[PDB]
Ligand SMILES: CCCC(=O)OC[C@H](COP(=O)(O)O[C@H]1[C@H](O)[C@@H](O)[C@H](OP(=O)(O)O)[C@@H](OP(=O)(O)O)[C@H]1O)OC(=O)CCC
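We begin with a single chain expressed as structure tokens, specifically the form solved without the ligand.
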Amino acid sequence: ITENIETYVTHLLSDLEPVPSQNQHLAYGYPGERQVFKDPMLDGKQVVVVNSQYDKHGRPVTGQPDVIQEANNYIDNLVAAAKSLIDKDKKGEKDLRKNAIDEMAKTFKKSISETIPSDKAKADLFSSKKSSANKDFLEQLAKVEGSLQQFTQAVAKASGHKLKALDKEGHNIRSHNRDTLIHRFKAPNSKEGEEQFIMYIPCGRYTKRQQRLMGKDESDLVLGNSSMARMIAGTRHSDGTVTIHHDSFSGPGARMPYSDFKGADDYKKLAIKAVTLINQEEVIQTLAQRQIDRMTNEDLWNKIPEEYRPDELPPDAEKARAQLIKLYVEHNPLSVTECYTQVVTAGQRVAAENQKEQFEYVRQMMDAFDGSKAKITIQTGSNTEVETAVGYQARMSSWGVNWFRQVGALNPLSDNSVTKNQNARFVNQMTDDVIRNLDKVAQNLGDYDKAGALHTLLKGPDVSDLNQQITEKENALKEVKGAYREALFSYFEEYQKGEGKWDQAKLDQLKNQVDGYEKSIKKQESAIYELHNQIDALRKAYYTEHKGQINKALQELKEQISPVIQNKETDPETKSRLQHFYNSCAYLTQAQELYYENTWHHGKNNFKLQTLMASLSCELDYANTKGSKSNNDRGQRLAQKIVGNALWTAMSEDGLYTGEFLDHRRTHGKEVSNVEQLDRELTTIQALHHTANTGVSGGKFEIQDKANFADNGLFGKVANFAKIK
């Protein structure tokens, strides 16, 4: 589908056609809670939908781990991988082996059903993991893990495949056909006949370049992104229309094939650098498609100059949108801006998992494309596409969230300084973007003088000087950057073929060119940083001085704005102006406090700075991508903070950001605030997403400060199931 996002989301929330179990793409368990349905628009796609249900205490009964169900998911999903492997294999007795596996699966199910009592099988996420009821859940869980290790050992024996292979195949088949995932619920203070939702719509599609580097038509080092989904949250009105309060990306996960990394020569590393660039272009392609999705038909029309509009659009709606998209693309330069808030700990020194490269390679390839063009493919209709250059602008931050996020002086377990430069650059960029964008909608609010007064203050210290010196040097890089990308794609083209097949001669010249341009970008990148660091110093001293008044001013702005916003007679447009302006300011100044005071890493502020900046980029209307290695764990929790904060704020009297959703200290009690009640809703899409990615529920993030989350992390222990070997 090349359908408008809003119209698609609306179809998704309506009356859908049920799908029977034998026809589902994979096992989700929780029958009658995880309901499966046909995609209302894409022929063989499926949708999984969950509605919150509650007990008599108003505590949720959906979204709750159950080890029997997860055991069933694990059994069935591994059984499917197994069958796929023995079907495509060269050995015989396919039937003997498939039947033997079924038979062992039936017996492991039965045994688990006879040994695990139903009522000790369920966890309660919103209570202490140390309750007697959760301790029982833990005991049952360890029991079951024991049985799932025996089951998997027996599947590998019978199937003739290795653990690693089964795993790899499970991932491959879950990837050939990803379901849309939906959670519907009434948030606190919802209106009658109204309800909220969050969904993950899988996105991403191969670029033509990727398509032909795969012995296709337009063992190691696979191409392509994964775990990329489009994240939409909003409210559904009693008539079944929709307002969308958030639209961003979950993922992509590492843009680079992490695994291939171990024990690798410098060549292999440059290969890895290239793939990440290759995948970086796919990311450009996916942001441009999102941008087309976010346009209505009226929107594309207005963007096509009068003299190219056809007198008659075709009768078939689908074929009319296609024509609009095509004409739109042909006559308008496209540009896209990505804000990647990464949440890995780039400096970590033990259990590192190449977190340093995940930072370093992605940040370099994002900047490689920054301020130039990429040639991309845009889907216009179900059988039609067009090719276009697309403009790119990068913004990348990287602030850790795990136990290593900000280690003490001299602690050898991590190096806090790896991301120092890029994070200060990022802060300057986002703050400059906010200045420009303030300069630009100060015009529509003359009757609001407290806005002018905020703007004046937010301008910060006069740093036009060093800004000039930077944009001059960043312009010098463009030439060299172009040369670097083109050179690096060539390098992969050769590296990709076999050693049996490659000319050692071309390889070496190509490697050297890359390096020269690299030392050279490296060197200019350095001086640019040096300049950013000088800007930082001055912002820092300025913020410290003015912080008290920036705040008194923000609060007076709110004072005048709110009562106008709530005026039953001011048009939607003015109201938006006023929320956009204020929220932009509120997000920025709060990020400044956490960044300049260097408090962002205390336990009690753990995902706040990342959330603030991601929210800000949604306000500047960038595409926000977010990520950890696989995106199963740390990135999901950042998505939970951003989506929860988007929903909380949109359902205010004001539409105005208070920080409550972030600052509120969760207490896990039998009586909890409205914020905590919302927070309780948000793990359910994570466990669904985890199931689609791994076959079992999860999110395995280690909570650092327990007051940051409604739940107690028990989905993490189920996530283990995926690991076991």
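The numbering used is simple: start at 1 and walk along the sequence shown.
One more form of this protein exists, namely the form deposited with the ligand bound; it is left out here, but the text below deals with it.
The stretch in contact with the ligand in the entry with it bound, judged by heavy atoms within 4.5 Å, is 401-409, chosen from 401-409, 472-480, 289-297, 302-310.
This chain is drawn without the ligand; in the entry with it bound, the residue among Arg255, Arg634, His183, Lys626 with a heavy atom within 4.5 Å of it is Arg634. Distance criterion of 4.5 Å from any heavy atom to the ligand in the entry with it bound singles out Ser630 from the list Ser617, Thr380, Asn423, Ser630.
The ligand in the entry with it bound is not approached by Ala527, whose heavy atoms all lie more than 4.5 angstroms from it. With a 4.5 Å cutoff on heavy atoms, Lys700 counts as touching the ligand in the entry with it bound. Proximity of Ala351 to the ligand in the entry with it bound falls within the 4.5 Å heavy atom cutoff.
When the ligand is considered in the entry with it bound, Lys723 lines it closely, a heavy atom lying within 4.5 Å. Using a 4.5 Å cut-off on any heavy atom, none of the residues of 314-338 reaches the ligand in the entry with it bound.
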